[PDB]
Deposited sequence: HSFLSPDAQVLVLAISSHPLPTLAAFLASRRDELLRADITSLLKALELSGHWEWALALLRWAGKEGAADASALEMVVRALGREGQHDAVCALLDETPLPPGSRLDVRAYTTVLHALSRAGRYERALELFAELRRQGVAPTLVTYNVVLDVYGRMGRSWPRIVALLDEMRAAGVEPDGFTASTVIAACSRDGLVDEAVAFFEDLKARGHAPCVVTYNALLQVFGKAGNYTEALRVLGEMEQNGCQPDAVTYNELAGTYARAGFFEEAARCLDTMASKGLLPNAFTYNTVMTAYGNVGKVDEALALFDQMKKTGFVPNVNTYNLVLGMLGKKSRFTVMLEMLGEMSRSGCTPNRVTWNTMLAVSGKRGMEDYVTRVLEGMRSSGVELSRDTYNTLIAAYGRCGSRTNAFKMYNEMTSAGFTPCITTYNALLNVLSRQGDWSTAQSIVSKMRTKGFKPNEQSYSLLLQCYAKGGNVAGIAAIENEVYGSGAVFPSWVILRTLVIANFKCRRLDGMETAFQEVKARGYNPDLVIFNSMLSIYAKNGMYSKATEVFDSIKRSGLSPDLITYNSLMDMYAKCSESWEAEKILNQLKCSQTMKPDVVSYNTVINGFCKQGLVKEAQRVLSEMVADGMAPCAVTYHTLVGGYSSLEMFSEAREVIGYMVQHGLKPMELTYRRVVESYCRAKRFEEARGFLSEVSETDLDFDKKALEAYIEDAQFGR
């Protein structure tokens, strides 16, 4: 409008937001003389809804904001969807005393509070709304009914409002019906929901899709029998389908739905999906058969769906069967099919399956692409068939395809399992000359080959090159990788770096840290950790609790470890673990305290737990220590007398202790290379 005002507006929309108020002040008099409403509008067209906001708040604090000013911002805020801002204009009103608003605007604020769970404020506002003589509209009504619906237990107030609205001649719509039914749905008002819809009929009213889904939902968590039926034939399965997907989980039946559906594709596929995503594939395959059994001829896309849900259950045998019915019915498998048959969540016996998929994948033409081979490598990688992954890697290249980074990472996954790093290094080095530079994943997979290789070299060699941006994964992978190698420098090093970069560490790191102190020479940072893990608000684990006991055990303070064990007995959620029992027994044994140690073994059994090899092994050590070899020999009996099968270390610890005690023929009688240990000892 005004050239002076256009300059002012441009000057406002260009100014940063944090400084703007100190700026608007400087132009106080300049602003007051103008039409803010016109500035707000101009600041809204230009796409700067947040600058008008600032202006409004400024003017309210000055007295130059009117209803129309506010009403303009609000309409902008709701179309833009900034409920928070709406709610704040209401909590810090830029309005002068009198001040009444347009209906549309009040209903936008009501929706904003609703959107925030401030149902109690919405109702306060609604009351204030009609005591100022504002005629609410259909949308205002529907918004308020929604407030009542999510606030809960407000059915009577809903009856009241429906009355009030009709008595003022505002007939309900579809947003009114669904809103209401979902309200009954959230309160278990099954009975009164139906009487409602069936009253909607009376007064006239065309039924709907969203309606039925709401009604559906009622009987859902609440009947889906004679009900869900109507919804169909009444008239289209859109969202209504999903409702079936959770209908099954909150209940339990396979006969009614078969008996129902019988009586009657997507619709079919929907119900099948409902079964296979909650883990009822046996239930879906039956739905599939029934479906086939009645005319219906599935296409490749229906098979890919069934195979897809069978796949998450690793039902190899029937996936191949389905693969059969396809190709022998015309339904030629597509790319999506093989990818589906190869994206199986790994189980035991996956290799031969994969092998059979590949056999039909190549006995049916289908030229394997580059990505196809990568998919086939990943598959044998899941199983762990290094042998078959690499045969695929070799067949690949030998056919002229060029391996990508996805192909190298695949192979790298494998070796990682087996901690074969000497082969990993070769992969990496190969990929570099080919031009391919390792990514983050490629590194984590290296860190894991090394750790299972006990190669600290390659570990610290990467630590260097990273300290390779250190991502939360890499730093977390490094903390672990060092713990397998039990490396305190490395672990600690990158521990604080995880904090200095604004990452929140999980119980894994904390647990891993606590123990690299317990079994080491630090026993206070440990206490720091168990105080940090808590101060952090995290819930300690048994493993955490067990690692804890090991600390006290190594600090020669065992009863305290016994306390934590006992305290676990009440935990009501924790519940010891022979490890916890073992760990405590190991400590007492380590301090010469062995009666106390078998006293906890007695509890152990009494509690109905189950002593094991390692458990007995501990005592034999602690007995051998203070040379009292008879009570020790009595133990190994117990193990075997109960068939617990001792360990050569159980024997060694006695042999080596029988040697040092000047008793040689004893070491001999009692009793491989061990006897040899006595010979090189005796003389």
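- Numbered from the first deposited residue, the unresolved ranges run 1-3, 226-229, 243-244, 274-281, 485-488, 693-704, 717-718.
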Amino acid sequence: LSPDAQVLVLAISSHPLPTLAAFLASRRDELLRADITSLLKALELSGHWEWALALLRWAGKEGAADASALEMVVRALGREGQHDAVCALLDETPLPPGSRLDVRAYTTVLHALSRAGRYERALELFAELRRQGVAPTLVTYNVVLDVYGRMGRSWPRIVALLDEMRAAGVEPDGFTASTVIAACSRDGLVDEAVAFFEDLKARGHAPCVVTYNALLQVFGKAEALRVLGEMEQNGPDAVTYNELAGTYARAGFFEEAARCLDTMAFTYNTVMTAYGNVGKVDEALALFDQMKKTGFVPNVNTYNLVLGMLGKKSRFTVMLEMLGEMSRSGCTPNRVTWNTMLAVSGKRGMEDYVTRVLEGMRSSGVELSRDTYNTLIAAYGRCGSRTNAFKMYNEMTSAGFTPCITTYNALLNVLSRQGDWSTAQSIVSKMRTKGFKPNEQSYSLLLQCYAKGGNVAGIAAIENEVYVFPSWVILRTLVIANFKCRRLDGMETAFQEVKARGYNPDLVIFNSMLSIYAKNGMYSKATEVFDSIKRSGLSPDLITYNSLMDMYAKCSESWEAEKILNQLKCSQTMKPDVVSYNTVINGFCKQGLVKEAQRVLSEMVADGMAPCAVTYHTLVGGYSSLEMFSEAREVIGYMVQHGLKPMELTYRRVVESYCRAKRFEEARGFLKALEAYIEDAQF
From here on, numbers count along this sequence of modelled residues.
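- The deposited model assigns a higher average Cα B-factor to 253-261 than to the other stretch when 253-261 and 87-95 are compared.
- Averaged over Cα atoms, the B-factor as recorded in the entry is higher for 450-458 than for the other of 69-77 and 450-458.
- The entry lists C-alpha B-factors for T270, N304, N234, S385, and the highest of these is at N234.
- Highest CA B-factor among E557, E395, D146, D371, as stated in the entry: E557.
- Annotation for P505: C-alpha temperature factor in the highest third relative to the rest of the modelled chain, per the entry.
- Split the chain's modelled residues into thirds by C-alpha temperature factor. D191 is in the highest one.
- The deposited CA B-factor of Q682 belongs to the highest third of values across its chain.
- Compared with the other modelled residues of the chain, the Cα B-factor recorded for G622 ranks in the lowest third.
- Residue-level temperature factors show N511 in the lowest third of its chain, judged at the C-alpha atom.
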